[PDB]
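First comes the structure, then the notes that go with it.
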Amino acid sequence: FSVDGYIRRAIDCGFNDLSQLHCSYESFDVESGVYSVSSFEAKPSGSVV
Amino acid sequence: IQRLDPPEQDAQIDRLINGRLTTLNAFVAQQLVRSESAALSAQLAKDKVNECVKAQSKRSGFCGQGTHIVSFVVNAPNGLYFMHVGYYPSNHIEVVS
Amino acid sequence: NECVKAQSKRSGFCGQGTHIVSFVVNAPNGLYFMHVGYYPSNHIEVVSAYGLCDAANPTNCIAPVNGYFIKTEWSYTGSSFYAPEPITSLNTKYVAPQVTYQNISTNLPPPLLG
Amino acid sequence: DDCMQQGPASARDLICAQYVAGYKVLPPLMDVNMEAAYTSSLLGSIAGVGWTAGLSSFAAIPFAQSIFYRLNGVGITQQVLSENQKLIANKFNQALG
Amino acid sequence: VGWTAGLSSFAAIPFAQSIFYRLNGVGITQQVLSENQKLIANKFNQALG
Amino acid sequence: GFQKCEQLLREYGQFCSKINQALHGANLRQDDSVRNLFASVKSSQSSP
Amino acid sequence: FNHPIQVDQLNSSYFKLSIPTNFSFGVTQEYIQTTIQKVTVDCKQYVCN
Ligand SMILES: *[C@@H]1O[C@H](CO)[C@@H](O[C@@H]2O[C@H](CO)[C@@H](O[C@@H]3O[C@H](CO)[C@@H](O)[C@H](O[C@H]4O[C@H](CO)[C@@H](O)[C@H](O)[C@@H]4O)[C@@H]3O)[C@H](O)[C@H]2NC(C)=O)[C@H](O)[C@H]1NC(C)=O
Ligand SMILES: *[C@@H]1O[C@H](CO)[C@@H](O)[C@H](O)[C@H]1NC(C)=O
Ligand SMILES: *[C@@H]1O[C@H](CO)[C@@H](O)[C@H](O)[C@H]1NC(C)=O
């Protein structure tokens, strides 16, 4: 949010792992490093009943 | 238990459980912090006995203040009480060397 | 730095006994120190001097260096192992005279034969 | 039993609380006489341990003799220590007394 | 490394030679170390073995 | 000592096992600390 | 209580020396932990699955 309140820039926090990093620090600029982020989930391919 | 039936009795007992579990976790966390601290401190005591008491130290400020001469040790309620005897100069004068 | 890269003179810092040499290997969550110390045994009691003075020349006195002057007349032994050897200029230092030094008048060691 | 036949010593008696609250204070690893034995044997070792090279031999020398070597070792000459032995002992005694 | 003054020079000397200096430095005389070099090495070896 | 409480306590897992083990370890730590400390104060040789 | 060797003081200008006649080498083993296992947690997955 700019001083005048408009949104000029944003991060989609679920787009990729880099985006998740920015969101977790609530910043567009984070320091260099190696960070753990949410795992890449396995998803169901079907169901058994 | 005497006042309430199970659906509400449960909720009330559960509040007491949460509070007591919290208390015990806090207690344990502190006993672990305090025992870790005491253990480090015990190693300091070990070093002082060897450096201070069983030897004359040449390390300024390690034992007592001033120049170390001799130290003694007695037991204390939760540890050791060190008695460091140092040499304290006074009435300094200036001379040319 | 104290143990492995140096011989330590700090009692109990490294291992027990007198430190000689230490080695290090890795361990699952850290280092494993291997401290080799000197452990004395079979101690005996002997009679020692604080120092020796020439009885004829009372201001000429010696003290042992890293050892003791022992009766056996007087001889020198290293501090960690009893093994009498002659008192020589290599195991003594000249010192100021003291009331506790012995006055020797016969078998004067070479540092006092002046 | 003390907490039953006499009861709590005062308000908030944390020793008697043990049997009520559900906690127990455990005894220390060594009794008092053993700890005293360790520091007593330590006292008797001071003069003869901090004396010369190596940690293997013991010089059973007077405490006073040890002090004078300790003072000489920090820069007080032997002529001074010899003239002042009674003065030094008195100052030491004042420091501990 | 544990041989003389300063941390800047390295004396590439035998381990055994180092041990004898270390023993001499704690109060065992050279006459003793010289007579007992094999005894000393054997005791050292027993300690590690 | 109330059984209803104990029944509800069980749903929090082995809570009490954790409390006891944590303190047991913490208590062993002092016995080890003391044993080590005194082993080092101990003299080899001493005068009476 | 394991008593230390008792060495008497003398009423004289001399002193008693309790000195070794024998020796051995021994090894004090010591372990120093320098690290702990490094762990990260996918907190969102842990809590909500
Ligand atoms: C080996 O020989 C030495 C040298 O003779 C001997 O040590 C000397 O012993 C005498 C006493 O036998 C000391 O002389 C005096 O002793 C009294 C004892 O109370 C002191 O009070 C005296 O001090 C006063 O006088 C001094 C004179 O200058 C003053 O300076 C001082 O401030 C006091 O006013 C005095 O010490 C003598 O000093 C010592 N010598 C040394 C170097 O200390 C030694 O005992 C003999 N060895 C053995 C085992 O017998
Ligand atoms: C022996 O010890 C007593 C203890 O008071 C002392 O007064 C006496 O002078 C001592 N004798 C010697 C030779 O030191
Ligand atoms: C030193 O102790 C060992 C222990 O067995 C013994 O075999 C050896 O003979 C001893 N040496 C002396 C000089 O007593």
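Less than 16 Å apart at the alpha-carbon level, and either on another chain or at least 8 residues along: which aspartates and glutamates does that give for F:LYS4?
Excluding near neighbours in sequence, the set is B:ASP5, B:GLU8, B:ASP10, B:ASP14.
Give me the one-decimal nm value for the distance between modelled label points at B:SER41 and D:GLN18, 7 Å along each residue's Cα-to-Cβ direction.
The two pseudo-label positions are separated by 2.0 nm.
Taking 27 Å as the cut-off for C-alpha to C-alpha distance, list the pairs among D:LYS24/G:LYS38; C:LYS93/E:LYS38; E:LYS38/F:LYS42; D:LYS24/F:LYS18; B:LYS54/D:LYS86; B:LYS46/D:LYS91 that go past it. Show your work: numbers first, answer last.
Numbers: D:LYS24/G:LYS38 35 Å; C:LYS93/E:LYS38 31 Å; E:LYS38/F:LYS42 32 Å; D:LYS24/F:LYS18 17 Å; B:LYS54/D:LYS86 25 Å; B:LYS46/D:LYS91 29 Å.
Correct reply: D:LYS24/G:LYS38; C:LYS93/E:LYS38; E:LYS38/F:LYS42; B:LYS46/D:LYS91.
Check cross-link reach from C:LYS5 to the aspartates and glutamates: straight Cα distance under 19 Å, and skip same-chain residues fewer than eight apart.
Qualifying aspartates and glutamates at Cα under 19 Å: G:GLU30.
By how many degrees, 0 to 90 and rounded to 10, does the Cα axis of helix B:6-48 deviate from the longest principal axis of chain B?
For B:6-48 against chain B, the angle is about 10 degrees.
Which of the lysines could be linked to G:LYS44 by a straight reach, that is with a Cα gap under 17 Å, when you skip same-chain ones fewer than 8 residues away?
A:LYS43
For chain G, which trypsin sites (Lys or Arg not before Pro) pass both filters: DSSP loop (anything but H, G, I, E, B) and at most 14 other C-beta atoms within 10 Å?
Within chain G, the qualifying trypsin sites (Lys or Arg not before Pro) (loop, at most 14 other Cβ atoms within 10 Å) are G:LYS38.
Which order do E:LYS43, B:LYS58, B:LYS48 fall in if you start with the one that has the fewest other Cβ atoms within 10 Å?
B:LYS58, E:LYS43, B:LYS48
List the residues whose amide H sits under 5 Å from the amide H of C:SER22, counting only those 5 or more places along or on another chain, with H placed 1.01 Å from N in the peptide plane.
C:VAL36
Compute the long axis of helix D:63-72 from its Cα atoms, compare it with the longest principal axis of the Cα atoms of chain D, and write down the angle in degrees, 0 to 90, nearest 10.
The angle comes out near 60 degrees.
Identify the residues of region D:33-62 with backbone N under 16 Å of a label point that sits 7 angstrom from the Cα of E:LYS43 along the Cα-to-Cβ direction, or state none.
So the set is D:54-58.
Using only Cα atoms, tell me the angle between helix E:37-48 and the longest principal axis of chain E; keep it within 0 to 90° and round to the nearest 10.
90
What are the ³J(HN,Hα) couplings of region D:91-97, residue after residue, when phi is run through the Karplus curve with 6.51, -1.76, 1.60 and θ = phi - 60°? Round to Hz, x for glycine and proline.
Per residue, the Karplus-derived 3J(HN,Hα) values read 5, 4, 5, 5, 4, 7, x Hz.
Among B:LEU16, B:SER71, B:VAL96, whose Cα lies farthest out toward the positive end of the dipole of chain B, if unit charges sit on the beta carbon of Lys, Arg (+1) and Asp, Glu (-1)?
Farthest towards the positive pole: B:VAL96.
Kindly provide the trypsin sites (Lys or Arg not before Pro) of region B:1-30 that DSSP labels as loop, not H, G, I, E or B, and whose Cβ sees at most 15 other Cβ atoms within 10 Å.
Within region B:1-30, the qualifying trypsin sites (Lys or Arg not before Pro) (loop, at most 15 other Cβ atoms within 10 Å) are B:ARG3.
Using a 7 Å offset from the Cα along the Cα-to-Cβ direction at both D:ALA95 and G:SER12, what is the distance between the two label points in nm, to one decimal?
3.2
Each reported figure results from applying straightforward, stated rules to the coordinates on display, with no laboratory input. Counting neighbours? That spans all protein chains shown, and the Cβs are built from the backbone with ideal geometry, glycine included.
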